[PDB]
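Chain and residue survey
Here is what each chain is made of, one letter per residue.
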Amino acid sequence: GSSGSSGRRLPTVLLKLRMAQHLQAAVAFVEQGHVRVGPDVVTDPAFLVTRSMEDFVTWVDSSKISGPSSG
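Definitions and limits used
Residues numbered from 1 in each chain as written, not as in the entry; some residues may be left out. Heavy atoms only, no water. Helix = DSSP H or I, 4+ residues; strand = E, 2+ residues; numbered from the N terminus. Buried < 20%, exposed > 50% of the residue type's maximum accessible area, 1.4 Å probe, protein only. Contact = heavy atoms within 4.5 Å. Areas by Shrake-Rupley, 256 points an atom, 1.4 Å probe, with all protein chains shown as cover. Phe/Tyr/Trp six-rings, centres within 6.5 Å; stacked < 30°, edge-to-face > 60°.

Structure determination for this PDB entry was carried out by solution NMR, as recorded in the header.

**Considerations on the overall build of the protein chain**
Helices and strands together make up the secondary structure of the protein chain, namely three helices and four strands. Seen through its C-alpha atoms, the protein chain measures out along the principal axes to roughly 40 × 30 × 20 Å. Relative to its 71 residues, the protein chain shows a buried fraction of 28%. Long-range contacts, defined as pairs at least 24 residues apart, comprise 44% of the intrachain contacts of the protein chain with a sequence gap of at least 6. Accessible surface, the protein chain: about 5,300 Å² in total, of which carbon and sulfur atoms supply 49%.

**Details of the packing of aromatic side chains**
All chains considered together, the criterion is met by one aromatic pair. Plain terms: the ring middles of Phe29 and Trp59 are 5.8 Å apart, the flat faces sit at 80 degrees to each other, and that makes the pair edge-to-face. Here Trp59 lies in strand 4 (residues 57–59) and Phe29 lies in helix 2 (residues 23–31), a separation of 30 residues in the sequence. With a relative accessible area of 29%, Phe29 lands in the partly exposed category.

Right, here's the structure in full:
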């Protein structure tokens, strides 16, 4: 309960955001450079992300990914 930085593995954040199927799926995707965080692309799953960055999570290439909505 101190002031600092609370980051979590990308794999965990992805699973929670229903971005991936299983832990192995999220981890594999990160290794294949499928998921990126903000202006910085992460390749390792051990990568820690902060609540602030959590919202700045996007897929390297979401061309196929559907979603007619914008915002």
